[PDB]
């Protein structure tokens, strides 16, 4: 099923990342430039999971390097979390996208539940490799990957969750995706940023 046979029996993140480059677990590898594995080391206490690499990440080979990542950086710094101490990844490892004519970037398309479930063996391998104390789930796709397809981020914001399905039983904190804080009225963007900082601090206080 999905990516499972492409995942090697090792927890070395370098070997896992190289193997993900060869994954064909769903259709998304075809049009993407490369797989984007997570970034960080196995000593990390906090793992953070987004949806997928975007346009910038697809070509950089690293997660959260575009506008959403710069906003995330600002939130982390405000929460006194050192990004180099995190393990940062995504629920799906290949960018799913289209282009619009006259557009200034490739625009992401939402992974189907099928693609999320197909790619989840990589996330499980990352979680068993890193053994985080806490997992921050940035946005609906990542949160649903571990908490179920019906899960609503908006309804559980600053809550420490635990589900028996997850290897290692880390605490789980589901929050807004940083990209959602890029646009909208200023007061709403400012209130939403504060809430993201709060949720990051919940995770770091686990």
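Numbering follows the first chain given and starts at 1.
*Asks:* If you average the Cα B factors in the entry, which is higher, 131-139 or 72-80?
*Replies:* If you average the C-alpha B-factors of 72-80 and of 131-139, the larger mean comes out for 72-80.
*Asks:* Determine, for stretches 94-102 and 118-126, which one has the higher mean CA B-factor as deposited.
*Replies:* Averaging CA B-factors over each stretch, the winner is 94-102.
*Asks:* Could you say which of 46, 161, 35, 176 has its CA atom at the highest B factor, as listed in the PDB entry?
*Replies:* Answer, based on the entry's C-alpha B-factors: 176.
*Asks:* Checking the record values for 59, 26, 166, 172, which has the greatest CA B factor?
*Replies:* That would be 166.
*Asks:* Taking the C-alpha B-factors as the PDB entry records them, is residue 157 in the lowest, middle or highest third of its chain?
*Replies:* As the PDB entry reports it, the C-alpha B-factor of residue 157 lands in the highest third of its chain.
*Asks:* In terms of the CA temperature factor given in the entry, to which third of its chain does residue 181 belong: lowest, middle or highest?
*Replies:* For residue 181, whose C-alpha B-factor we compare with every modelled residue in the chain, the answer is the highest third.
*Asks:* Ranked by Cα temperature factor within the chain, is residue 66 in the lowest third, the middle third or the highest third?
*Replies:* It falls in the middle third of the chain.
*Asks:* Taking the entry's C-alpha B-factors for this chain, is residue 41 in the lowest, middle or highest third?
*Replies:* Residue 41: CA B-factor falls in the highest third of its chain.
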